[PDB]
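Participant: To start, I am sharing the structure in question, which I have written as structure tokens.
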Amino acid sequence: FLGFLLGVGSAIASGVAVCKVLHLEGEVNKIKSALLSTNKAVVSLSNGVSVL
Amino acid sequence: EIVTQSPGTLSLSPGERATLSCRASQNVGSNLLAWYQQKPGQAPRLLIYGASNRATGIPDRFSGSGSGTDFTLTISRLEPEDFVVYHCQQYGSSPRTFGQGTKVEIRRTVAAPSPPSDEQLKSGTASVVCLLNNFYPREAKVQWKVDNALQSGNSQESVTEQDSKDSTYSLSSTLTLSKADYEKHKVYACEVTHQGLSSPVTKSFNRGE
């Protein structure tokens, strides 16, 4: 089995980056206000990424 | 949170460019500003969302711009159907707050303007009317005259909407006085200002038919 030739990635690197972005000032307040009249909305974070 | 619109009424000829302003007390979060168009007596239609993105099916003559405190809705060239009211809403914070609204009206050439009753007096109170007609510049009927004297708080004004193919029409002014005041005097004069005319018209109101 040639599995020892495989690389080493970081599975949740992208998700952890979004977690760190969510800790910035006003990010949670932005999400809370966006989810006021609906259960599902698109929010643009401080780093320019739009996340459902 | 306060979001006030400017100006109250916009007077522009058809095919001209319209610019409507909407300012806010504080910065609107994420530039979450929407523009709605509302025709007389029906539900608002969404024009702009996100302060710059126009909704589905909206003609590209409607555009939005601005940031922070100040936002602007531009109509590149007004169609006849565009002379309606326009509202701005903020939804970057709770509660969501709208604006007072802005009226866009057809601008045109300046105007073309074209005693007490018995039964009512017999019935007690009386109401003298000072009526006008097809006129454009929004100033119709100003003051009353009861035996060469001005009064306040006993008259009510009520205007119409702009016409379909002449963009005109006029206001009704009703002066209400009880039976003790209608028969106490014998003249009900009136002075109008800037009717697109020369002098106040038909100011003779002798008590009787």
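Residues are referred to by chain and number: the chain letter is A, B, ... according to the order shown in the structure tokens, the number counts from 1 in that chain, and ligands are numbered separately from 1 in the order shown.
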With a distance cut-off of 6 Å and only C-alpha atoms, select the neighbouring residues of segment 77-94 of chain B, excluding the residue or stretch itself and same-chain residues fewer than 5 positions from it, and output the selection as a ChimeraX atom specification.
Facilitator: /A:33 /B:14-17,28-29,32-39,99,101-105
Participant: Mind checking DSSP for chain A and telling me the strand (DSSP E) residues as an MDAnalysis selection string?
Facilitator: chainID A and resid 43:44 50:51
Participant: Compare A:5, A:12, A:24, A:34 by their minimum atom-to-atom distance to chain B, counting only C-alpha atoms, and give me the closest one.
Facilitator: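 The shortest atom-to-atom distance to chain B comes from A:34.
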Participant: Using only C-alpha atoms, determine which residues of chain A fall within 9 Å of chain B; present them as a VMD selection string.
Facilitator: chain A and resid 29 to 30 33 to 34 36 43 to 45
Participant: One number please: atom CA of residue 64 of chain B to atom CA of residue 20 of chain B, in Å, one decimal.
Facilitator: 9.6 Å
Participant: Check segment 101-184 of chain B with DSSP on the backbone and list each residue it calls alpha helix (DSSP H), as a VMD selection string.
Facilitator: chain B and resid 118 to 122 179 to 182
Participant: Excluding same-chain residues fewer than 6 positions from residue 41 of chain A, what lies within 9 Å of it counting only C-alpha atoms, as a ChimeraX atom specification?
Facilitator: /A:31,34-35,51-52
Participant: Could you make a table, as a tab-separated table, of the residues of segment 1-109 of chain B that have an atom within 9 Å of an atom of segment 122-145 of chain B, each with its nearest atom pair and distance in Å to one decimal, counting only C-alpha atoms, in chain and number order?
Facilitator:
residue	atom	partner	partner_atom	distance
B:107	CA	B:136	CA	7.9
B:108	CA	B:136	CA	6.9
B:109	CA	B:136	CA	7.3
Participant: Would you save the residues of that selection, restricted to C-alpha atoms, as a PDB file, in the first residue's frame?
Facilitator:
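Result file follows (selection.pdb):
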ATOM      1  CA  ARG B 107     -42.669  69.319 -13.327  1.00  0.00           C
ATOM      2  CA  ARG B 108     -44.695  71.356 -15.863  1.00  0.00           C
ATOM      3  CA  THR B 109     -45.572  74.891 -17.044  1.00  0.00           C
TER       4      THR B 109
END
Participant: Near residue 27 of chain A, within 9 Å and counting only C-alpha atoms, which residues show up once chain neighbours fewer than 5 positions away are dropped, as an MDAnalysis selection string?
Facilitator: chainID A and resid 21:22 32 45:46
